[PDB]
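Peer 1: FYI, the numbering for the sequence shown is 10 to 37, going by the working numbering.
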Amino acid sequence: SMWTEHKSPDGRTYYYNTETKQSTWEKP
């Protein structure tokens, strides 16, 4: 909901928290 994930290095998708501004690979 608050996170937006898209492909990235290593060939995986990271979740970018729009509000918080947290871009990483983890359980959002």
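C-beta atoms are modelled at their ideal positions from N, C-alpha and C, and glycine is treated no differently.
1) Verify whether the separation of the beta carbon atoms of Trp12 and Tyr24 is less than 7 Å.
2) Just to confirm the assignment, what range does the beta strand (DSSP E) spanning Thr13 have?
3) Rounded to the nearest angstrom, what separates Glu35 and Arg21 at their Cα positions?
4) What's the C-alpha gap between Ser10 and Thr29?
Peer 2: Quick answer:
1) Numbered from 1 along the sequence shown, position 3 holds the residue referred to as residue 12. Numbered from 1 along the sequence shown, position 15 holds the residue referred to as residue 24. With respect to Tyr24, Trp12 sits close: the two C-beta atoms are nearer than 7 Å.
2) Here residue 13 corresponds to residue number 4 of the sequence shown, with the count starting at 1. Counting along the chain, the beta strand (DSSP E) containing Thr13 begins and ends at 12–17.
3) Mapped onto the sequence shown, residue 35 falls at position 26. Mapped onto the sequence shown, residue 21 falls at position 12. Rounded to the nearest angstrom, the two C-alpha atoms are 11 Å apart.
4) Translated into positions along the sequence shown, residue 10 becomes position 1. Translated into positions along the sequence shown, residue 29 becomes position 20. Roughly 12 Å separates the two Cα atoms.
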